[PDB]
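Below you'll find the structure, written out as structure tokens, and then a few comments.
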There are 2 protein chains.
Amino acid sequence: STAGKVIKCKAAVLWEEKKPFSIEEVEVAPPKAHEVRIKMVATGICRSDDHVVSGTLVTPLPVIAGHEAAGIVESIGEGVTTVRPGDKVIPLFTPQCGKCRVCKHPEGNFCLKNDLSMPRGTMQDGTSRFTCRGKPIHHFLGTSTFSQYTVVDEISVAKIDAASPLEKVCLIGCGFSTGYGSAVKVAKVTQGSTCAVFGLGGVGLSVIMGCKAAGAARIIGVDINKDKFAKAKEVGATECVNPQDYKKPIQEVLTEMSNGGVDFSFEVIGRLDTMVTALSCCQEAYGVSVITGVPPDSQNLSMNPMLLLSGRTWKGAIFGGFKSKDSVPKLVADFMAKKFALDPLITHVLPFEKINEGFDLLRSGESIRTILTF
Amino acid sequence: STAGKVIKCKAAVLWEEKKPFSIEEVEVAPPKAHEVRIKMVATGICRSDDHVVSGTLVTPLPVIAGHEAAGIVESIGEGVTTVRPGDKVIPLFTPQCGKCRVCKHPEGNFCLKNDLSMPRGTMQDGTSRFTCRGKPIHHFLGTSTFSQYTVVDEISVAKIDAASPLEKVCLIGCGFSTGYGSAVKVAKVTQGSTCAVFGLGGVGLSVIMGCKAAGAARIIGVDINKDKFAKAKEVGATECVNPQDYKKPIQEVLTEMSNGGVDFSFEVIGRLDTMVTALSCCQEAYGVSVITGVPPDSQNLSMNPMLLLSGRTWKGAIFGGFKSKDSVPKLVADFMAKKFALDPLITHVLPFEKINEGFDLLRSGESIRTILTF
Ligand SMILES: NC(=O)c1c[n+]([C@@H]2O[C@H](COP(=O)([O-])OP(=O)([O-])OC[C@H]3O[C@@H](n4cnc5c(N)[nH+]cnc54)[C@H](O)[C@@H]3O)[C@@H](O)[C@H]2O)ccc1-n1cccn1
Ligand SMILES: NC(=O)c1c[n+]([C@@H]2O[C@H](COP(=O)([O-])OP(=O)([O-])OC[C@H]3O[C@@H](n4cnc5c(N)[nH+]cnc54)[C@H](O)[C@@H]3O)[C@@H](O)[C@H]2O)ccc1-n1cccn1
Ligand SMILES: [Zn+2]
Ligand SMILES: [Zn+2]
Ligand SMILES: [Zn+2]
Ligand SMILES: [Zn+2]
């Protein structure tokens with residue numbers, strides 16, 4: 001009976017960088033034309049949400065963050081055709097408008113309506129649906145899932161299987177799809193190849209999953225936190241290396257281990273130095289390196305372009321290269337059919353009210369994904 | 001007869017950086033096992049030979065440069081099976097040993113036996129076949145074509161059609177193949193696409209030829225020398241732009257002209273700034289940029305990795321990505337079958353004795369390719 005009415009609910013508001021989230025009452029406006037209001041069920045903590053806190057990823061504050069989630073449609077605005085009240089949905093932090101040059105391209109997925117390249121922290125219409133203490137609060141990536149209710153544009157939501165377990169499939173909204181697609185869609189890992197994966201968090205584990213699914217013969221995990229190695233091996237890594245253990249730079253180590261460079265390398269951390277190291281460790285004539293980590297705002301890397309002239313390919317991608325609204329329902333259907341596993345990514349579960357504890361777990365190195373339940 | 005004997009002949013020796021070539025008598029040793037001695041017939045002047053003079057491209061001096069050439073086998077060493085005396089041949093500045101990981105890979109062409117990565121300026125066996133005034137002279141890229149006779153390793157020569165016109169097909173030894181392959185093999189330009197080509201010298205014109213052959217709908221030539229535009233249009237450019245004409249950076253101009261970025265861009269100059277500009281002007285989600293120009297020794301570029309994270313692909317290649325010994329004979333057969341033209345690249349034909357005049361034409365902006373005839 002909330003349709004057409006403002007909803008008062010709890011959200012996690014970030015008022016300032018480098019401070020805890022504030023769990024407090026917000027007002028959530030009803031959906032306008034082509035908007036959908038969603039009752040959240042579960043949301044994951046992705047490192048990119050932490051990047052908002054640390055100022056690594058700049059977006060306007062104050063803000064409701066969160067972008068990896070699943071929920072149930074509470075109401076729809078005028079003209080919505082793709083979801084209905086009561087449908088299970090995943091918000092799409094990369095929209096799929098279906099009309100722009102990228103959406104029409106066979107490969108492209110970074111729809112021109114995204115709010116990632118130059119964040120404004122609004123709905124598509126340039127306004128906000130959120131008020132707190134009487135003040136407007138920004139959106140994040142058109143999703144804002146750290147709230148009991150959010151409002152998203154229709155191009156930023158996908159209907160998923162009615163029988164889906166939302167406390168698992170929320171990871172299809174970011175970390176799993178990003179890493180898995182980086183391997184299977186962006187790099188196009190080949191059977192029998194050697195892969196190196198830098199960073200063994202939720203996204204990097206999902207890259208390993210995808211390299212293993214593509215038939216790689218060797219998958220070398222790289223992390224400075226050796227506590228990450230056991231789970232990386234469980235999901236497919238054949239060996240793991242800690243750069244801190246070596247006197248030589250790890251690109252040299254990896255080149256030696258792979259008898260002249262790897263076929264595919266993945267940067268899944270977000271550091272400029274490891275982006276260049278990961279490029280360098282792929283074979284100089286035919287290697288491919290994929291950047292998935294999010295770099296610190298406005299900072300440039302330095303590299304020798306002879307790394308490319310010999311024949312290397314360097315690319316990056318958002319959301320694993322997947323066209324979001326076409327792919328998310330299919331990934332959920334494949335999960336339901338047991339084509340991949342999400343449980344290896346989930347190390348902790350907490351109620352939404354303990355969001356700050358969830359971020360502490362990420363920052364301490366202890367968690368992969370913590371799932372928050374509303 | 002000359003077989004088995006030292007040949008005294010004329011060559012252009014580079015004794016020091018930034019000096020004219022010295023045209024004088026050298027001694028050319030007979031070929032050892034698996035080596036081939038070639039009587040040169042024609043050699044082109046490529047900007048990479050000038051980079052040796054300018055110190056842009058470091059290789060041991062003193063040196064006999066030259067790498068884009070065609071000639072006739074004078075004699076073969078023990079064990080040679082792929083050419084015989086009297087055969088027309090093109091020396092291969094990128095070898096094809098057929099045994100290394102790169103040669104065995106379907107895509108790779110930068111054979112591990114190359115002398116480009118870490119130049120030693122010798123034969124494969126670590127010695128030189130050249131002396132001048134009693135001093136040993138270095139080889140260049142396993143070819144050294146600025147000489148009436150040279151000696152190359154068997155993996156660095158290809159037999160070509162006995163009826164081929166050597167004064168034209170010498171360009172298949174570098175400039176034509178490099179540019180054409182950058183388009184058709186490395187970028188894999190698609191029908192209907194928009195391409196931008198930075199640098200309208202012999203290599204860049206060959207990139208335009210490839211883009212046109214691949215069916216590009218728009219091919220935008222970019223050069224600071226407007227005298228290069230007429231020939232670019234003759235070989236397929238649909239429009240040309242001079243960055244000096246605009247108040248805004250050319251990547252902005254090209255993004256606007258292409259309604260949001262080009263499909264394929266090509267850096268065919270060798271400047272760090274234009275490498276980054278070329279990357280930036282390709283469409284951010286699905287654009288591809290290829291580096292063909294040779295960068296100045298030991299210098300790094302600076303770039304924001306968000307250019308890649310959005311979805312761009314950045315790659316480079318040597319020799320157009322062609323496996324050299326397999327491809328050169330087929331390219332010559334294709335030329336003989338009128339599948340592409342070489343005449344548009346040739347602006348000047350001079351006797352070998354005028355090599356310095358040929359370099360002056362290149363440096364002054366007045367030539368595309370000068371062919372030197374022996
Ligand atoms: N491209 C996308 O769409 C995208 C990008 N991100 C970004 O991916 C990176 C990884 O995210 P994560 O897996 O959620 O993060 P962590 O759990 O923190 O794992 C990182 C991993 O790296 C190790 N590490 C740190 N420093 C080093 C060094 N020097 N060497 C080796 N390993 C190192 C840690 O120990 C840890 O285990 C992040 O940058 C993230 O921002 C994620 C998801 C999506 N995206 C885009 C927008 C929203 N989400
Ligand atoms: N990758 C290979 O295998 C390769 C590489 N090279 C390199 O390609 C570049 C172009 O060579 P070229 O066509 O022989 O050179 P030029 O005739 O001098 O044409 C350059 C073109 O650029 C224009 N220009 C200069 N500066 C600018 C700026 N700032 N903006 C725009 N245009 C600009 C000039 O006016 C001129 O028209 C070289 O770097 C070359 O080294 C060639 C061949 C092969 N290779 C590798 C090893 C041996 N050969
Ligand atoms: Zn779109
Ligand atoms: Zn994320
Ligand atoms: Zn080889
Ligand atoms: Zn050349």
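How things are named: the first chain in the structure tokens is A, the next is B, and so on; residues count from 1 in each chain; ligands count from 1 in the order shown.
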
Could you give me, as a ChimeraX atom specification, the residues within 7 Å of residue A:286, counting only C-alpha atoms and dropping anything in the same chain fewer than 2 positions from it? /A:283-284,288,311-312 /B:107-108

Find the nearest atom pair between each residue of chain B and ligand 2 for residues within 6 Å, count only C-alpha atoms and all ligand atoms, give distances in Å to one decimal, sort rows by chain and ascending number, and present the table as JSON lines.
```
{"residue": "B:46", "atom": "CA", "partner": "ligand 2", "partner_atom_place_in_ligand_line": "14 (O)", "distance": 4.3}
{"residue": "B:47", "atom": "CA", "partner": "ligand 2", "partner_atom_place_in_ligand_line": "14 (O)", "distance": 3.9}
{"residue": "B:48", "atom": "CA", "partner": "ligand 2", "partner_atom_place_in_ligand_line": "41 (O)", "distance": 3.7}
{"residue": "B:174", "atom": "CA", "partner": "ligand 2", "partner_atom_place_in_ligand_line": "43 (C)", "distance": 5.8}
{"residue": "B:175", "atom": "CA", "partner": "ligand 2", "partner_atom_place_in_ligand_line": "43 (C)", "distance": 5.3}
{"residue": "B:178", "atom": "CA", "partner": "ligand 2", "partner_atom_place_in_ligand_line": "3 (O)", "distance": 5.4}
{"residue": "B:198", "atom": "CA", "partner": "ligand 2", "partner_atom_place_in_ligand_line": "31 (C)", "distance": 5.7}
{"residue": "B:199", "atom": "CA", "partner": "ligand 2", "partner_atom_place_in_ligand_line": "22 (O)", "distance": 3.6}
{"residue": "B:200", "atom": "CA", "partner": "ligand 2", "partner_atom_place_in_ligand_line": "37 (O)", "distance": 4.4}
{"residue": "B:201", "atom": "CA", "partner": "ligand 2", "partner_atom_place_in_ligand_line": "19 (O)", "distance": 3.4}
{"residue": "B:202", "atom": "CA", "partner": "ligand 2", "partner_atom_place_in_ligand_line": "13 (O)", "distance": 4.1}
{"residue": "B:203", "atom": "CA", "partner": "ligand 2", "partner_atom_place_in_ligand_line": "13 (O)", "distance": 3.8}
{"residue": "B:204", "atom": "CA", "partner": "ligand 2", "partner_atom_place_in_ligand_line": "13 (O)", "distance": 5.5}
{"residue": "B:222", "atom": "CA", "partner": "ligand 2", "partner_atom_place_in_ligand_line": "31 (C)", "distance": 5.8}
{"residue": "B:223", "atom": "CA", "partner": "ligand 2", "partner_atom_place_in_ligand_line": "32 (N)", "distance": 3.6}
{"residue": "B:224", "atom": "CA", "partner": "ligand 2", "partner_atom_place_in_ligand_line": "31 (C)", "distance": 4.7}
{"residue": "B:225", "atom": "CA", "partner": "ligand 2", "partner_atom_place_in_ligand_line": "35 (O)", "distance": 4.8}
{"residue": "B:268", "atom": "CA", "partner": "ligand 2", "partner_atom_place_in_ligand_line": "9 (C)", "distance": 4.7}
{"residue": "B:269", "atom": "CA", "partner": "ligand 2", "partner_atom_place_in_ligand_line": "9 (C)", "distance": 4.3}
{"residue": "B:270", "atom": "CA", "partner": "ligand 2", "partner_atom_place_in_ligand_line": "39 (O)", "distance": 3.9}
{"residue": "B:292", "atom": "CA", "partner": "ligand 2", "partner_atom_place_in_ligand_line": "1 (N)", "distance": 4.1}
{"residue": "B:293", "atom": "CA", "partner": "ligand 2", "partner_atom_place_in_ligand_line": "8 (O)", "distance": 3.6}
{"residue": "B:294", "atom": "CA", "partner": "ligand 2", "partner_atom_place_in_ligand_line": "39 (O)", "distance": 4.1}
{"residue": "B:317", "atom": "CA", "partner": "ligand 2", "partner_atom_place_in_ligand_line": "1 (N)", "distance": 5.4}
{"residue": "B:318", "atom": "CA", "partner": "ligand 2", "partner_atom_place_in_ligand_line": "3 (O)", "distance": 3.5}
{"residue": "B:319", "atom": "CA", "partner": "ligand 2", "partner_atom_place_in_ligand_line": "3 (O)", "distance": 3.8}
{"residue": "B:368", "atom": "CA", "partner": "ligand 2", "partner_atom_place_in_ligand_line": "17 (O)", "distance": 5.4}
```

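Near residue A:186, within 7 Å and counting only C-alpha atoms, sit residues 181, 182, 183, 320 and 321 of chain A, not including residues fewer than 3 positions from it in the same chain.
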
Filtering to N, CA, C and O atoms, could you give me those residues as a CSV table (one decimal), in the first residue's frame?
```csv
chain,number,residue,atom,x,y,z
A,181,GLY,N,33.5,-12.8,-16.2
A,181,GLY,CA,33.5,-12.3,-17.6
A,181,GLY,C,34.9,-11.7,-18.0
A,181,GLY,O,35.2,-11.8,-19.2
A,182,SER,N,35.7,-11.1,-17.1
A,182,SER,CA,37.0,-10.7,-17.5
A,182,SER,C,37.7,-11.8,-18.1
A,182,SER,O,38.5,-11.6,-19.1
A,183,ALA,N,37.6,-13.1,-17.6
A,183,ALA,CA,38.3,-14.2,-18.1
A,183,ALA,C,37.6,-14.7,-19.4
A,183,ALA,O,38.3,-15.0,-20.4
A,320,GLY,N,32.9,-7.3,-16.4
A,320,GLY,CA,33.2,-8.5,-17.1
A,320,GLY,C,32.9,-8.4,-18.6
A,320,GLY,O,32.9,-9.5,-19.2
A,321,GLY,N,32.7,-7.2,-19.2
A,321,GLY,CA,32.3,-7.1,-20.5
A,321,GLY,C,30.8,-7.5,-20.8
A,321,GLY,O,30.4,-7.5,-22.0
```

Let's see if you can do this: from backbone DSSP, list all alpha helix (DSSP H) residues in stretch 247-366 of chain B, as a VMD selection string. chain B and resid 250 to 257 272 to 281 306 to 309 324 to 336 355 to 363

Restricting it to C-alpha atoms, dump the selection as a PDB file, in the first residue's frame.
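Dumped to result.pdb:
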```pdb
ATOM      1  CA  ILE B 250      43.002  16.435 -31.784  1.00  0.00           C
ATOM      2  CA  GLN B 251      41.571  13.539 -29.746  1.00  0.00           C
ATOM      3  CA  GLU B 252      38.608  15.841 -28.937  1.00  0.00           C
ATOM      4  CA  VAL B 253      38.279  16.802 -32.601  1.00  0.00           C
ATOM      5  CA  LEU B 254      38.331  13.171 -33.701  1.00  0.00           C
ATOM      6  CA  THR B 255      35.854  12.093 -31.022  1.00  0.00           C
ATOM      7  CA  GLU B 256      33.429  14.799 -32.205  1.00  0.00           C
ATOM      8  CA  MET B 257      33.923  13.958 -35.886  1.00  0.00           C
ATOM      9  CA  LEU B 272      54.629   9.103 -26.968  1.00  0.00           C
ATOM     10  CA  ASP B 273      52.057  11.920 -27.089  1.00  0.00           C
ATOM     11  CA  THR B 274      50.415  10.646 -30.267  1.00  0.00           C
ATOM     12  CA  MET B 275      50.273   7.107 -28.873  1.00  0.00           C
ATOM     13  CA  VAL B 276      48.128   8.408 -25.998  1.00  0.00           C
ATOM     14  CA  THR B 277      46.069  10.678 -28.298  1.00  0.00           C
ATOM     15  CA  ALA B 278      45.408   7.803 -30.680  1.00  0.00           C
ATOM     16  CA  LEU B 279      44.252   5.575 -27.801  1.00  0.00           C
ATOM     17  CA  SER B 280      42.007   8.327 -26.458  1.00  0.00           C
ATOM     18  CA  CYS B 281      40.269   8.986 -29.816  1.00  0.00           C
ATOM     19  CA  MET B 306      40.538   4.519 -17.045  1.00  0.00           C
ATOM     20  CA  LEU B 307      41.019   4.748 -20.828  1.00  0.00           C
ATOM     21  CA  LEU B 308      41.358   0.974 -20.794  1.00  0.00           C
ATOM     22  CA  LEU B 309      38.963   0.117 -17.966  1.00  0.00           C
ATOM     23  CA  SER B 324      57.518 -13.268 -41.959  1.00  0.00           C
ATOM     24  CA  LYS B 325      58.803 -16.212 -43.961  1.00  0.00           C
ATOM     25  CA  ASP B 326      55.296 -17.647 -44.523  1.00  0.00           C
ATOM     26  CA  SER B 327      53.796 -14.292 -45.436  1.00  0.00           C
ATOM     27  CA  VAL B 328      56.345 -12.463 -47.603  1.00  0.00           C
ATOM     28  CA  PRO B 329      56.115 -14.876 -50.561  1.00  0.00           C
ATOM     29  CA  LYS B 330      52.320 -14.785 -50.434  1.00  0.00           C
ATOM     30  CA  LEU B 331      52.308 -10.985 -50.313  1.00  0.00           C
ATOM     31  CA  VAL B 332      54.575 -10.880 -53.370  1.00  0.00           C
ATOM     32  CA  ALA B 333      52.250 -13.364 -55.160  1.00  0.00           C
ATOM     33  CA  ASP B 334      49.305 -11.135 -54.218  1.00  0.00           C
ATOM     34  CA  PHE B 335      51.070  -8.078 -55.638  1.00  0.00           C
ATOM     35  CA  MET B 336      51.793  -9.978 -58.868  1.00  0.00           C
ATOM     36  CA  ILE B 355      71.695   7.280 -50.116  1.00  0.00           C
ATOM     37  CA  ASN B 356      72.386  10.503 -48.184  1.00  0.00           C
ATOM     38  CA  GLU B 357      70.213  12.507 -50.589  1.00  0.00           C
ATOM     39  CA  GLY B 358      67.466   9.912 -50.023  1.00  0.00           C
ATOM     40  CA  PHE B 359      67.667  10.403 -46.261  1.00  0.00           C
ATOM     41  CA  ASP B 360      67.564  14.183 -46.758  1.00  0.00           C
ATOM     42  CA  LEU B 361      64.304  13.794 -48.746  1.00  0.00           C
ATOM     43  CA  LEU B 362      62.762  11.796 -45.933  1.00  0.00           C
ATOM     44  CA  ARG B 363      63.860  14.203 -43.204  1.00  0.00           C
TER      45      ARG B 363
END
```

In stretch 67-149 of chain A, DSSP strand (DSSP E) residues written as number ranges by chain: A: 69-76, 88-91, 130-132, 135-137, 149

If we count only C-alpha atoms, what is near stretch 150-156 of chain B at a cut-off of 7 Å, once residues fewer than 4 positions away on the same chain are taken out, given as a compact mmCIF listing (two decimals) with C-alpha atoms, in the first residue's frame?
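Everything below was put into result-v9.txt:
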```txt
# COMPACT_ATOMS: atom_id res chain seq x y z
CA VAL B 28 81.79 -9.49 -47.03
CA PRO B 31 78.19 -17.58 -45.75
CA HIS B 34 72.67 -22.03 -42.63
CA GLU B 35 73.61 -18.61 -44.04
CA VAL B 36 72.79 -16.93 -47.36
CA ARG B 37 74.80 -14.29 -49.24
CA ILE B 38 72.63 -11.95 -51.31
CA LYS B 39 73.43 -9.53 -54.13
CA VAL B 80 70.49 -24.28 -46.56
CA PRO B 91 65.51 -10.36 -46.27
CA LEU B 92 63.29 -10.60 -43.20
CA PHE B 93 64.06 -8.14 -40.42
CA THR B 94 61.79 -10.21 -38.20
CA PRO B 95 62.96 -13.80 -38.56
CA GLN B 96 60.80 -16.91 -38.58
CA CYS B 97 62.75 -19.72 -36.95
CA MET B 123 74.58 -12.91 -37.17
CA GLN B 124 72.74 -15.56 -35.15
CA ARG B 129 80.41 -11.00 -41.79
CA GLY B 142 69.87 -9.57 -39.19
CA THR B 143 69.54 -7.90 -42.63
CA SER B 144 71.95 -4.99 -43.40
CA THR B 145 70.70 -4.08 -46.83
```

Hey, which residues sit close to ligand 3? Say within 7 Å, counting only C-alpha atoms and all ligand atoms, and write them as a ChimeraX atom specification. /A:95-103,111-113

Go ahead and write the residues just picked, N, CA and C atoms, as a PDB file, in the first residue's frame.
```
ATOM      1  N   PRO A  95      24.268   0.293 -16.728  1.00  0.00           N
ATOM      2  CA  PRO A  95      22.943   0.144 -17.351  1.00  0.00           C
ATOM      3  C   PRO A  95      23.012  -0.507 -18.738  1.00  0.00           C
ATOM      4  N   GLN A  96      21.867  -0.840 -19.283  1.00  0.00           N
ATOM      5  CA  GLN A  96      21.792  -1.258 -20.683  1.00  0.00           C
ATOM      6  C   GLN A  96      20.602  -0.538 -21.286  1.00  0.00           C
ATOM      7  N   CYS A  97      20.834   0.647 -21.842  1.00  0.00           N
ATOM      8  CA  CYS A  97      19.711   1.424 -22.413  1.00  0.00           C
ATOM      9  C   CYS A  97      19.153   0.808 -23.699  1.00  0.00           C
ATOM     10  N   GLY A  98      19.973   0.017 -24.372  1.00  0.00           N
ATOM     11  CA  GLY A  98      19.571  -0.634 -25.594  1.00  0.00           C
ATOM     12  C   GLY A  98      19.557   0.233 -26.832  1.00  0.00           C
ATOM     13  N   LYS A  99      19.869   1.527 -26.700  1.00  0.00           N
ATOM     14  CA  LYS A  99      19.685   2.455 -27.816  1.00  0.00           C
ATOM     15  C   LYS A  99      20.969   3.147 -28.259  1.00  0.00           C
ATOM     16  N   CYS A 100      21.975   3.252 -27.393  1.00  0.00           N
ATOM     17  CA  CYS A 100      23.176   3.988 -27.700  1.00  0.00           C
ATOM     18  C   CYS A 100      24.111   3.151 -28.568  1.00  0.00           C
ATOM     19  N   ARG A 101      25.175   3.775 -29.075  1.00  0.00           N
ATOM     20  CA  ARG A 101      26.090   3.093 -29.957  1.00  0.00           C
ATOM     21  C   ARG A 101      26.747   1.886 -29.283  1.00  0.00           C
ATOM     22  N   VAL A 102      26.994   1.983 -27.978  1.00  0.00           N
ATOM     23  CA  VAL A 102      27.627   0.897 -27.292  1.00  0.00           C
ATOM     24  C   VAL A 102      26.653  -0.270 -27.121  1.00  0.00           C
ATOM     25  N   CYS A 103      25.418   0.032 -26.696  1.00  0.00           N
ATOM     26  CA  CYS A 103      24.470  -1.041 -26.512  1.00  0.00           C
ATOM     27  C   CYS A 103      24.187  -1.769 -27.820  1.00  0.00           C
ATOM     28  N   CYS A 111      27.569   1.097 -21.418  1.00  0.00           N
ATOM     29  CA  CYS A 111      26.482   1.923 -21.955  1.00  0.00           C
ATOM     30  C   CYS A 111      26.765   3.392 -21.626  1.00  0.00           C
ATOM     31  N   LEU A 112      26.461   4.252 -22.604  1.00  0.00           N
ATOM     32  CA  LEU A 112      26.684   5.685 -22.467  1.00  0.00           C
ATOM     33  C   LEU A 112      25.880   6.349 -21.341  1.00  0.00           C
ATOM     34  N   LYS A 113      24.858   5.665 -20.822  1.00  0.00           N
ATOM     35  CA  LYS A 113      24.068   6.203 -19.708  1.00  0.00           C
ATOM     36  C   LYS A 113      24.685   5.881 -18.337  1.00  0.00           C
TER      37      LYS A 113
END
```

Hey, can you check how far atom CA of residue B:195 sits from atom CA of residue B:258?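 Distance between the two atoms: 9.2 Å.
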